[PDB]
Amino acid sequence: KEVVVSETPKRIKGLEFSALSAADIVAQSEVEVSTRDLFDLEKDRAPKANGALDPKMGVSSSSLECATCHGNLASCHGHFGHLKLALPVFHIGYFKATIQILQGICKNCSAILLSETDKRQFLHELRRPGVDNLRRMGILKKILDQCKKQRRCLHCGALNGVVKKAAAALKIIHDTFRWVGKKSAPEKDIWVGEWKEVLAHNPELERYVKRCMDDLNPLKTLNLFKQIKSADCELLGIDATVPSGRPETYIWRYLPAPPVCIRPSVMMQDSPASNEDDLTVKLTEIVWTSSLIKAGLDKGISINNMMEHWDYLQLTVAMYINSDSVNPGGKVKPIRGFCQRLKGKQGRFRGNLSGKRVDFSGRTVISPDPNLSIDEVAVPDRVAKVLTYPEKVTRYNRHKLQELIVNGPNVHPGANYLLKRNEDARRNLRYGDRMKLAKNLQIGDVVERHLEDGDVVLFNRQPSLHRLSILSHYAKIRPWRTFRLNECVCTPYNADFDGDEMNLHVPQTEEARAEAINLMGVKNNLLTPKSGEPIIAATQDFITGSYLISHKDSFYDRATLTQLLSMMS
Amino acid sequence: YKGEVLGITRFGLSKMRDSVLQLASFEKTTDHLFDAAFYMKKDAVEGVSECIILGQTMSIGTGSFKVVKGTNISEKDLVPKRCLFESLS
Amino acid sequence: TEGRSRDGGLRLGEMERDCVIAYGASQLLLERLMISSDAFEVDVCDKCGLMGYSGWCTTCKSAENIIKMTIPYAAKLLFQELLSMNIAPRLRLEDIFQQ
Amino acid sequence: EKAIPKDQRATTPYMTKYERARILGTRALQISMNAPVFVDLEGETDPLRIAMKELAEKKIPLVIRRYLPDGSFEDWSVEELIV
Amino acid sequence: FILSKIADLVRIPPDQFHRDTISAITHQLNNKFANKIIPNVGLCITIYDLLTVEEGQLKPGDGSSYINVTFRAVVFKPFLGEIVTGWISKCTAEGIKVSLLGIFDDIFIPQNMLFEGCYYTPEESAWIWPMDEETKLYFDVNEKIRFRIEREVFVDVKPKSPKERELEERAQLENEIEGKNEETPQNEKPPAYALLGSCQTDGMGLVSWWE
Amino acid sequence: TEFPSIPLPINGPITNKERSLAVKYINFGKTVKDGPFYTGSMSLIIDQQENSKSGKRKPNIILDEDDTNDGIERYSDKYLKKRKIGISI
Amino acid sequence: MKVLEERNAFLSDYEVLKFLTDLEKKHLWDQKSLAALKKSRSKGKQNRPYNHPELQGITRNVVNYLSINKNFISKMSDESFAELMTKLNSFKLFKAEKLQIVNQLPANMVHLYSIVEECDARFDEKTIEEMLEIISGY
Amino acid sequence: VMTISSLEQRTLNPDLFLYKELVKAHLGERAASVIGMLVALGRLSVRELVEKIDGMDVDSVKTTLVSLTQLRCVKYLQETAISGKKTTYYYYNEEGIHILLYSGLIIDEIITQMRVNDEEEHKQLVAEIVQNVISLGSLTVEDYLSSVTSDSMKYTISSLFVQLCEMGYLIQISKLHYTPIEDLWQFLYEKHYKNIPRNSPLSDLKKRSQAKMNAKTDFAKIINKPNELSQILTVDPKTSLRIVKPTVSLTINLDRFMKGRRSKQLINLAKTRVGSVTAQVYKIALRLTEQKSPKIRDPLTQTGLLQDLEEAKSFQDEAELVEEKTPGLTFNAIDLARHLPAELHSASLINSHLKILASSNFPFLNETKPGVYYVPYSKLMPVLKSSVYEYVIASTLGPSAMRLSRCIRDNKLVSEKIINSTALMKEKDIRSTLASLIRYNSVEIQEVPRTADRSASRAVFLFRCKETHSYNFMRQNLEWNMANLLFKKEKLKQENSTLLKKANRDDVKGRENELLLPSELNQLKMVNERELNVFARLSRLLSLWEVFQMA
DNA sequence: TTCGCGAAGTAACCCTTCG
DNA sequence: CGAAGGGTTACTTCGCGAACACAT
Ligand SMILES: [Mg+2]
Ligand SMILES: [Zn+2]
Ligand SMILES: [Zn+2]
Ligand SMILES: [Zn+2]
């Protein structure tokens with residue numbers, strides 16, 4: 001009973017990139033999608049059960065507990081779901097790199113068109129220890145140029161042309177009758193022999209619609225990417241010892257659906273119900289097309305209508321990512337998914353990972369005050385009531401954080417919250433007993449006191465050109481509600497007391513508070529880094545008062561001198 | 001140091017950076033992630049751009065080392081094996 | 001939340017984290033970007049590293065080698081966006097100790 | 001990979017300002033977690049000011065481990081790093 | 001009673017930096033190997049001493065000395081054949097269920113003939129001894145059972161799934177004021193120490209025919 | 001699930017020929033997990049078969065047999081019935 | 001967790017008590033059991049150590065098992081253990097039966113038959129009485 | 001979560017899924033972790049082998065490959081660089097691991113090949129000889145005969161050695177077919193340009209006419225050397241009969257049994273092509289020419305890496321040139337082999353009943369047309385594929401599948417309007433069985449359009465065949481079903497291993513004499529019932545997989 | 001409704017060899 | 001010596017960015 005458990009606080013090293021195989025999409029398969037999915041807002045006062053959103057893929061509200069993570073919007077992580085679709089479809093991101101596999105191999109035997117000596121001559125340069133990414137691009141371009149000029153195959157008896165796009169929609173229209181044109185091929189002979197039989201039945205396209213070779217649709221190249229190799233697909237650039245490095249996982253066969261943590265609900269304008277995400281509307285749209293393309297095998301409707309439905313499928317799922325297509329004037333392209341919420345100026349790498357909104361802050365208009373020390377900012381007595389520092393109690397705090405916890409959240413040398421030793425929750429001092437609660441006060445409580453004089457606190461100016469726009473210097477509790485500081489430290493901020501307001505962040509842990517003042521404070525950063533000149537120094541009323549004491553004729557008595565030396569210090 | 005006079009912009013940055021998420025935040029954030037999983041890039045995280053995305057300590061400035069607390073172990077407590085089973089009983 | 005009259009919470013831009021790197025203070029970037037804003041514990045698996053729930057791998061369904069650690073929520077919600085399209089960001093784990 | 005013996009050392013015997021602010025932080029974090037002080041305090045709070053007095057009196061029981069680009073762990077002691 | 005060489009890393013809080021170094025490591029190792037058993041190594045008792053203790057280093061978020069030690073521990077694990085004294089307290093419809101005096105109460109022995117009779121409690125007696133044709137002595141309670149031990153395997157158990165571990169909340173709903181709540185406690189887990197043998201001396205101070 | 005069909009499978013080991021091939025597959029799979037068959041691994045390995053491995057291990061190809069590898073494990077039926085030493089298996 | 005060896009040198013029963021009597025100061029007994037409500041002493045105002053409820057409960061419950069036979073834990077010394085170990089190695093014995101003899105002391109002949117397997121087919125009749133004279137004397 | 005349907009590895013590999021499995025089936029994971037590893041990135045030396053398989057050091061990757069060396073499963077390339085040491089660069093062998101899947105049927109119808117002479121002792125003695133031959137990779141005669149301990153039985157075994165050598169089943173295994181054939185040509189080509197570096201005004205005609213053709217006539221002779229080279233056998237004072245040399249190794253020759261299996265496939269075809277009496281004399285007139293000049297199956301030894309410029313017409317012409325007059329024995333005559341005593345009404349058998357095979361080539365295909373015996377095995381293989389391929393797709397997808405798949409072969413680039421005039425489907429059964437077949441190959445459509453973005457639908461999608469894709473795809477699907485059946489066998493033998501270690505060690509004759517209690521004894525006849533069915537499916541699936549990989 | 005270089009895509013033309 | 005194949009350089013098209021953050 002109660003066996004030994006021991007856990008090591010491990011790091012996070014490396015980030016191995018791969019693609020999800022169809023077996024891995026159906027591994028994270030808590031739900032099964034693409035049966036009806038027009039059910040997510042159903043008749044019985046709108047719950048959901050096996051639709052586009054489920055109570056097995058999380059919670060989109062405060063009530064309605066999830067059936068896998070028994071929690072809510074602040075407890076559930078998220079759950080994926082596979083969406084099986086017939087007649088597979090090109091990946092819109094793996095569409096330029098699909099050619100680089102498919103142009104460098106044959107089209108009948110599907111083997112790589114490359115001599116056996118050049119294989120070792122390329123692997124000796126590619127598997128060298130110490131190959132840069134630029135060197136890898138150079139070698140993978142060097143093998144790419146060689147496999148575009150060999151007009152025939154190696155061990156199949158087949159000719160190969162150039163492979164390009166259709167016109168710029170998401171089709172691969174290539175040719176093979178390009179390199180040899182006079183003693184062309186026996187394939188040319190069987191091509192013109194199986195063309196004379198056609199024109200005795202439909203002479204409409206005898207000369208205009210003749211020069212068009214073939215398509216290379218995803219229904220065929222999925223059965224051709226499976227053929228390719230097992231040992232010579234590393235020359236194409238893909239590692240072949242992890243079981244997801246096969247080139248047929250780059251085509252949509254199974255489709256993962258995102259959780260409801262990705263797709264939230266919608267606020268006011270409550271004339272409809274809780275409105276769906278654009279991802280919800282786009283995900284419930286391809287279910288109808290995937291069921292329409294599947295039921296039409298044993299039903300009837302002809303090859304042109306089924307081709308139009310499959311084209312609508314391949315154009316609707318390729319607009320689910322990056323929305324790089326027209327809509328056959330609704331809005332600003334009317335569709336955002338997975339790249340438009342990741343493109344810069346509103347995305348994740350730009351607007352949620354690098355630059356993010358942070359609590360324990362505040363901004364107010366700046367005003368001048370020369371009577372501060374130069375390492376002292378002066379915050380008002382109401383910002384300090386709502387800016388709070390965790391000061392845990394240990395044997396020097398205990399006699400001070402006990403007279404302070406009876407003082408109250410309203411009186412300024414006081415505290416707002418109090419975290420206990422067992423960390424059940426955070427007790428409010430506004431509603432608590434605050435006399436019996438103030439007496440015990442164990443030595444691990446994380447009672448959070450107001451901001452007082454002597455606290456390390458950052459101070460930022462938003463157009464931060466160089467490193468001296470964010471500085472940290474000590475606090476001071478003052479009257480009327482505006483930030484105020486000296487005027488010698490006013491030139492790196494490029495402040496002019498015009499009405500320009502600046503924001504102010506506080507540290508919360510000891511490890512960052514003890515370095516915010518030590519190598520980032522004002523008194524250490526008196527210079528600039530770019531020149532070595534002192535950047536915080538004289539201002540306008542600093543040298544014009546210093547000049548009028550020294551113009552060879554300011555002669556002072558005893559009584560004026562003692563008053564000057566008294567007002568100075 | 002790379003070898004050629006190259007730029008700083010979105011094609012001049014990709015000369016040295018094997019870090020993907022650093023390249024997937026500079027420009028063309030879509031195309032750098034689809035190309036890295038195609039080529040099966042390893043991306044050992046050591047740069048300070050990819051270090052605050054995953055939320056851990058950098059390797060520059062303060063985090064360029066670590067501090068170690070002393071133990072004050074004498075050579076008479078632990079270095080002689082205080083074993084009462086000197087003979088197999 | 002964003003702006004005024006909902007609640008506060010002010011923003012540290014990309015051109016501001018450039019300044020604090022020049023000081024060299026590395027422990028202030030853990031607070032002002034991860035601890036204060038968005039810190040969320042998560043269950044990751046050791047081999048074939050993905051993120052689970054409540055100590056469950058959900059793909060290598062054994063719940064044996066799951067070692068939890070804290071991560072920014074914008075990094076977790078990035079990964080559920082990357083797995084949603086096609087790509088699999090797999091995270092490997094090493095010890096901070098044993099030198 | 002292993003540590004250099006103390007007979008020869010390559011780096012400077014000085015105290016860079018990046019290990020003066022880290023040792024001021026990881027000592028003040030230990031005072032907040034109730035470590036015994038080694039200096040006569042004048043009834044002061046704020047463990048940033050206690051660890052500053054520890055650095056001023058040179059009575060701090062820590063050891064700074066420098067890292068080489070190949071890695072040889074170069075153990076330097078704080079009581080002999082001049083500042 | 002064997003002696004292992006289990007190695008483990010130890011974190012000490014910054015509270016206890018005033019005590020001795022090897023006294024704070026021994027205090028922390030006793031919070032993990034006192035009653036907690038190692039999987040398929042045996043049952044630990046205490047820590048013997050410490051060995052090869054080096055510099056304790058820190059992480060940037062805790063401020064604790066994560067010191068790295070290796071040590072030997074007095075762990076109770078008998079080898080393939082060992083005579084050991086037990087005590088009977090409960091006898092079900094299955095075989096004899098014994099234990100050491102306050103050590104581990106799951107050392108149950110099934111039928112394992114050279115006993116020839118297995119009852120539950122016919123005349124307030126555990127089993128019947130059909131001797132031929134003298135000294136028909138049996139055993140009921142708290143008597144000097146001197147069984148042998150075998151089979152060495154002790155463990156195959158570690159499941160953990162959220163759809164079944166949160167199904168225990170339904171067992172807590174079944175833990176209501178209904179008295180006969182024999183749904184969840186009758187199906188417990190077999191621990192990492194499951195031990196059995198052959199026979200016990202027939203019965204206390206006697207011949208003990210072929211082990 | 002999904003019900004396609006294969007023409008061949010049912011009603012075909014009742015005859016003696018397919019049963020003969022199947023039982024011979026069982027016999028080949030049972031014998032092949034024995035390595036060298038009591039006379040082998042000695043003659044033709046030096047004779048132009050991987051000179052860099054038949055020169056570095058000239059007496060060390062005799063590791064696989066059924067005369068000693070099936071011999072050493074059959075001595076232990078008698079060393080345990082007469083003597084007992086406490087060593088892990 | 002990395003286990004180096006599952007056994008280093010498996011140990012006897014008597015020096016477990018000798019390791020426990022130096023550990024009894026860590027887990028104090030009825031000689032200082034009256035200090036649960038007494039005055040200030042030991043420079044702590046209570047004279048008490050920390051609890052360890054998962055270790056204080058077992059460090060009393062192990063030695064209750066080690067006193068089962070010789071009640072009415074052995075009363076020998078270290079030099080007596082050395083003398084009974086020196087004279088025991090003169091016979092060709094296996095290590096397992098050495099540990100089973102030094103664990104519990106056989107008083108009669110048939111417990112020596114239960115510890116020493118196939119004693120009639122391996123040993124002589126003069127050795128058994130000498131072993132009983134050495135063991136059952138103390 | 002319903003992992004019963006083998007969805008766990010649908011995008012895994014088709015080639016790794018069989019080879020690593022067959023290596024694991026006889027030794028285990030430490031041998032399957034190299035042939036399954038050398039099939040995933042190509043050729044590799046020993047130094048760059050250790051750090052990727054995640055295992056033991058060079059002391060284990062060398063030992064387990066010796067077990068693959070004396071089993072003939074890998075190929076090595078002994079060559080040096082201009083500045084480096086002597087490297088190894090091991091390969092993987094296709095037929096050298098087909099032998100492990102193939103050995104049981106090898107011995108079991110080499111029995112039927114050797115059925116001719118007598119009845120009782122020959123079957124058991126061949127089942128003792130060849131079973132020990134294939135279980136090793138290379139053995140001699142004097143090493144086998146050191147465990148007989150007899151005087152006349154040893155004489156019978158020594159007779160059967162040369163009786164198996166005269167058939168074409170035992171040849172001397174040399175290095176020249178133990179070397180990779182894709183680089184054995186290049187070794188016969190780089191010293192051949194080194195042979196003539198003459199300073200003389202010779203154009204690129206030297207690189208196509210002199211060196212290429214002389215390497216052809218020096219390569220085709222040297223690949224035919226292991227056919228018959230160990231023929232002296234004139235040791236008189238030991239035995240009074242032809243005795244095989246003791247210090248001469250022997251292998252299986254790997255290629256005549258290929259020919260016997262494909263001839264069995266031809267006879268199984270001829271049982272349906274011609275009547276019941278013509279196929280018997282066709283068998284007795286076909287099963288005698290397999291032992292003289294072997295080149296019937298093989299995609300040719302040289303055509304693997306030089307058919308890139310124009311040479312395919314020369315390959316077909318040389319194939320049909322040496323394809324005749326080399327087996328040129330009596331084309332239609334009498335022989336003292338076997339006449340099958342039956343009505344094989346015709347109660348007279350000379351020159352009148354043995355002329356019925358002359359009326360076997362003028363009807364539907366057996367294809368021995370021109371003069372007497374010319375071209376019997378060249379123009380069958382593009383249709384022997386097409387005869388078996390239609391009988392699988394018609395027996396699987398329905399009788400209306402061969403009605404649509406054979407129409408498009410007649411006229412490629414066919415419309416749906418003119419296929420309605422050729423077929424008889426009602427209104428929509430043209431396209432319904434097309435959509436039921438379009439997920440499989442041999443449907444492959446080509447599009448016409450001259451529009452911008454498919455405006456007025458342009459009368460597009462006329463159907464072709466592209467028959468070179470679907471044969472390879474059928475071969476992939478059959479090979480995957482093969483290896484999946486073997487993994488069903490492997491999971492069956494892995495499920496219950498606690499009742500197998502005792503059932504074969506000491507339980508031989510008393511298995512029915514109450515050694516197992518009657519609660520699980522039916523599992524012993526359940527682990528032997530459908531494990532018999534796995535090998536029966538394997539036996540009846542080898543007879544269909546090996547038709548799609550002809551020359 | 002705009003400049004910046006880097007991807008493909010396609011044509012004019014020169015070197016090299018064949019019979 | 002005239003003609004055919006391989007290959008270098010030159011003319012033309014697309015897309016990705018365009019600064020921080022507050023109140024609407
Ligand atoms: Mg202004
Ligand atoms: Zn949930
Ligand atoms: Zn090809
Ligand atoms: Zn996992």
# chains A, B, ... in the order shown; residues from 1 in each chain; ligands from 1

$ interface_residues --of "chain A" --to "chain G" --cutoff "9 Å" --atoms "only C-alpha atoms" --output "number ranges by chain"
A: 5-7

$ write_last_selection --atoms "N, CA and C atoms" --output "mmCIF file, in the first residue's frame"
data_model
loop_
_atom_site.group_PDB
_atom_site.id
_atom_site.type_symbol
_atom_site.label_atom_id
_atom_site.label_comp_id
_atom_site.auth_asym_id
_atom_site.auth_seq_id
_atom_site.Cartn_x
_atom_site.Cartn_y
_atom_site.Cartn_z
ATOM 1 N N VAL A 5 6.226 7.337 -4.615
ATOM 2 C CA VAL A 5 6.144 8.194 -5.789
ATOM 3 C C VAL A 5 7.160 9.320 -5.623
ATOM 4 N N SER A 6 7.847 9.653 -6.715
ATOM 5 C CA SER A 6 8.867 10.692 -6.701
ATOM 6 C C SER A 6 8.922 11.324 -8.081
ATOM 7 N N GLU A 7 8.807 12.648 -8.131
ATOM 8 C CA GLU A 7 8.703 13.382 -9.384
ATOM 9 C C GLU A 7 9.814 14.416 -9.472
#

$ residues_near_ligand --ligand "ligand 3" --cutoff "10 Å" --atoms "only C-alpha atoms (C1' of nucleotides) and all ligand atoms" --output "ChimeraX atom specification"
/A:105-113,152-160 /H:308

$ residues_near_ligand --ligand "ligand 1" --cutoff "6 Å" --atoms "only C-alpha atoms (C1' of nucleotides) and all ligand atoms" --output "PyMOL selection string"
chain A and resi 496+498+500

$ interface_residues --of "chain G" --to "chain B" --cutoff "12 Å" --atoms "only C-alpha atoms" --output "VMD selection string"
chain G and resid 8 to 19 78 81 to 82 84 to 86 88 to 89 95 to 103

$ residues_near_ligand --ligand "ligand 2" --cutoff "10 Å" --atoms "only C-alpha atoms (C1' of nucleotides) and all ligand atoms" --output "PyMOL selection string"
(chain A and resi 55-60+65-79+259-261) or (chain C and resi 53)

$ write_last_selection --atoms "N, CA, C and O atoms" --output "short mmCIF file (atom, residue, chain, number, x, y, z; two decimals), in the first residue's frame"
data_model
loop_
_atom_site.label_atom_id
_atom_site.label_comp_id
_atom_site.auth_asym_id
_atom_site.auth_seq_id
_atom_site.Cartn_x
_atom_site.Cartn_y
_atom_site.Cartn_z
N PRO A 55 -20.69 18.09 -25.32
CA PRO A 55 -20.20 18.16 -23.94
C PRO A 55 -19.13 17.13 -23.65
O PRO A 55 -18.88 16.80 -22.48
N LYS A 56 -18.52 16.56 -24.68
CA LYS A 56 -17.33 15.75 -24.52
C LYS A 56 -16.09 16.43 -25.09
O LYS A 56 -14.99 15.89 -24.96
N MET A 57 -16.25 17.60 -25.70
CA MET A 57 -15.13 18.42 -26.16
C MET A 57 -14.94 19.67 -25.32
O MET A 57 -14.23 20.59 -25.75
N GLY A 58 -15.57 19.75 -24.16
CA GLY A 58 -15.37 20.86 -23.25
C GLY A 58 -16.66 21.60 -22.96
O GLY A 58 -17.76 21.17 -23.31
N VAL A 59 -16.50 22.75 -22.31
CA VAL A 59 -17.61 23.59 -21.86
C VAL A 59 -17.46 24.96 -22.51
O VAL A 59 -16.37 25.54 -22.51
N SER A 60 -18.56 25.48 -23.06
CA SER A 60 -18.58 26.81 -23.65
C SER A 60 -19.38 27.80 -22.81
O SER A 60 -19.80 28.85 -23.31
N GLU A 65 -21.61 20.93 -17.38
CA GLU A 65 -20.37 20.19 -17.13
C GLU A 65 -20.00 19.26 -18.27
O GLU A 65 -20.86 18.60 -18.86
N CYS A 66 -18.71 19.22 -18.59
CA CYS A 66 -18.21 18.35 -19.65
C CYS A 66 -18.17 16.90 -19.18
O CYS A 66 -17.98 16.60 -18.00
N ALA A 67 -18.36 15.98 -20.13
CA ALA A 67 -18.49 14.56 -19.83
C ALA A 67 -17.16 13.83 -19.74
O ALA A 67 -17.14 12.66 -19.36
N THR A 68 -16.05 14.49 -20.07
CA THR A 68 -14.72 13.90 -19.92
C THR A 68 -13.90 14.62 -18.85
O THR A 68 -13.43 13.99 -17.90
N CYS A 69 -13.73 15.93 -18.99
CA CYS A 69 -13.15 16.76 -17.94
C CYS A 69 -14.31 17.33 -17.13
O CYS A 69 -14.94 18.31 -17.55
N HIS A 70 -14.58 16.75 -15.97
CA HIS A 70 -15.72 17.17 -15.15
C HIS A 70 -15.40 18.53 -14.53
O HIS A 70 -14.96 18.65 -13.39
N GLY A 71 -15.63 19.56 -15.32
CA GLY A 71 -15.31 20.92 -14.93
C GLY A 71 -16.08 21.91 -15.78
O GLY A 71 -17.16 21.61 -16.29
N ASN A 72 -15.50 23.09 -15.96
CA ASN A 72 -16.20 24.19 -16.60
C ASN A 72 -15.19 25.01 -17.39
O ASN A 72 -14.11 24.51 -17.73
N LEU A 73 -15.55 26.26 -17.71
CA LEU A 73 -14.71 27.14 -18.52
C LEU A 73 -13.37 27.45 -17.86
O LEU A 73 -12.40 27.75 -18.57
N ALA A 74 -13.28 27.36 -16.54
CA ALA A 74 -12.02 27.55 -15.83
C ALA A 74 -11.40 26.25 -15.35
O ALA A 74 -10.46 26.28 -14.55
N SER A 75 -11.89 25.10 -15.82
CA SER A 75 -11.37 23.82 -15.38
C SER A 75 -11.04 22.90 -16.55
O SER A 75 -10.15 22.05 -16.44
N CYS A 76 -11.75 23.05 -17.66
CA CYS A 76 -11.58 22.15 -18.79
C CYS A 76 -10.42 22.61 -19.67
O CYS A 76 -10.25 23.81 -19.92
N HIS A 77 -9.64 21.65 -20.15
CA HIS A 77 -8.55 21.95 -21.07
C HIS A 77 -9.05 22.06 -22.50
O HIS A 77 -8.96 23.12 -23.13
N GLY A 78 -9.60 20.98 -23.03
CA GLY A 78 -10.05 20.92 -24.40
C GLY A 78 -9.82 19.53 -24.96
O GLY A 78 -8.91 18.80 -24.58
N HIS A 79 -10.69 19.14 -25.90
CA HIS A 79 -10.67 17.80 -26.47
C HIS A 79 -10.91 17.88 -27.97
O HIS A 79 -11.78 18.62 -28.42
N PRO A 259 -11.21 21.92 -30.16
CA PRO A 259 -12.14 21.95 -29.02
C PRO A 259 -12.97 23.22 -28.96
O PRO A 259 -12.80 24.13 -29.77
N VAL A 260 -13.87 23.30 -27.98
CA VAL A 260 -14.65 24.51 -27.76
C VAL A 260 -13.89 25.56 -26.96
O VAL A 260 -14.40 26.67 -26.77
N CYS A 261 -12.69 25.23 -26.48
CA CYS A 261 -11.80 26.26 -25.96
C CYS A 261 -11.29 27.16 -27.08
O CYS A 261 -10.98 28.33 -26.85
N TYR C 53 -4.87 15.58 -19.96
CA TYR C 53 -5.76 16.13 -18.95
C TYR C 53 -5.78 15.20 -17.74
O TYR C 53 -5.91 13.99 -17.90
#

$ residues_near_ligand --ligand "ligand 4" --cutoff "6 Å" --atoms "only C-alpha atoms (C1' of nucleotides) and all ligand atoms" --output "PyMOL selection string"
chain C and resi 45+47-50+57+59-60

$ write_last_selection --atoms "N, CA, C and O atoms" --output "compact mmCIF listing (two decimals), in the first residue's frame"
# COMPACT_ATOMS: atom_id res chain seq x y z
N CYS C 45 3.25 14.51 -21.54
CA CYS C 45 3.77 13.16 -21.50
C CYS C 45 5.24 13.15 -21.88
O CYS C 45 5.71 14.01 -22.63
N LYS C 47 7.32 10.43 -23.36
CA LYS C 47 7.51 9.92 -24.72
C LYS C 47 6.31 10.30 -25.58
O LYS C 47 5.18 10.37 -25.09
N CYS C 48 6.59 10.53 -26.87
CA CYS C 48 5.68 11.11 -27.87
C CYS C 48 4.88 12.29 -27.31
O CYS C 48 3.65 12.29 -27.26
N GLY C 49 5.63 13.30 -26.89
CA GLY C 49 5.15 14.37 -26.04
C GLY C 49 4.02 15.24 -26.56
O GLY C 49 4.22 16.08 -27.44
N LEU C 50 2.83 15.04 -26.00
CA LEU C 50 1.68 15.91 -26.20
C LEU C 50 1.11 16.26 -24.83
O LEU C 50 1.61 15.81 -23.80
N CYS C 57 -2.89 10.38 -20.93
CA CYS C 57 -2.13 10.71 -22.13
C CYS C 57 -3.04 10.97 -23.33
O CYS C 57 -2.69 11.76 -24.21
N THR C 59 -3.57 9.53 -25.98
CA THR C 59 -3.10 8.90 -27.21
C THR C 59 -2.27 7.65 -26.95
O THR C 59 -2.52 6.61 -27.57
N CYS C 60 -1.30 7.71 -26.04
CA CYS C 60 -0.61 6.52 -25.54
C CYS C 60 -1.22 6.19 -24.18
O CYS C 60 -0.64 6.42 -23.12

$ atom_distance --atom1 "CA of residue 3 (chain H)" --atom2 "CA of residue 283 (chain A)"
26.1 Å

$ interface_residues --of "chain E" --to "chain A" --cutoff "6 Å" --atoms "only C-alpha atoms" --output "ChimeraX atom specification"
/E:36-38,191

$ write_last_selection --atoms "N, CA, C and O atoms" --output "PDB file, in the first residue's frame"
ATOM      1  N   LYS E  36       6.028   3.892   3.107  1.00  0.00           N
ATOM      2  CA  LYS E  36       5.831   3.782   1.671  1.00  0.00           C
ATOM      3  C   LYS E  36       6.792   2.751   1.097  1.00  0.00           C
ATOM      4  O   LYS E  36       8.001   2.813   1.342  1.00  0.00           O
ATOM      5  N   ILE E  37       6.257   1.803   0.345  1.00  0.00           N
ATOM      6  CA  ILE E  37       7.034   0.675  -0.148  1.00  0.00           C
ATOM      7  C   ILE E  37       7.535   0.967  -1.557  1.00  0.00           C
ATOM      8  O   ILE E  37       6.849   1.599  -2.370  1.00  0.00           O
ATOM      9  N   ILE E  38       8.762   0.545  -1.828  1.00  0.00           N
ATOM     10  CA  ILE E  38       9.283   0.603  -3.198  1.00  0.00           C
ATOM     11  C   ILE E  38       8.576  -0.463  -4.024  1.00  0.00           C
ATOM     12  O   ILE E  38       8.314  -1.562  -3.498  1.00  0.00           O
ATOM     13  N   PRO E 191      -1.904  -4.908  -3.331  1.00  0.00           N
ATOM     14  CA  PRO E 191      -0.737  -4.024  -3.197  1.00  0.00           C
ATOM     15  C   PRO E 191       0.514  -4.564  -3.871  1.00  0.00           C
ATOM     16  O   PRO E 191       0.479  -5.600  -4.543  1.00  0.00           O
TER      17      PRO E 191
END

$ residues_around --residues "residue 22 (chain J)" --least-positions-apart "2" --cutoff "10 Å" --atoms "only C-alpha atoms (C1' of nucleotides)" --output "number ranges by chain"
C: 2-4; J: 20

$ write_last_selection --atoms "C-alpha atoms (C1' of nucleotides)" --output "PDB file, in the first residue's frame"
ATOM      1  CA  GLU C   2      -8.890  45.176 -22.921  1.00  0.00           C
ATOM      2  CA  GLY C   3      -9.386  48.894 -22.443  1.00  0.00           C
ATOM      3  CA  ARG C   4     -11.289  50.879 -19.828  1.00  0.00           C
TER       4      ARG C   4
ATOM      5  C1'  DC J  20       2.181  52.090 -29.448  1.00  0.00           C
TER       6       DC J  20
END
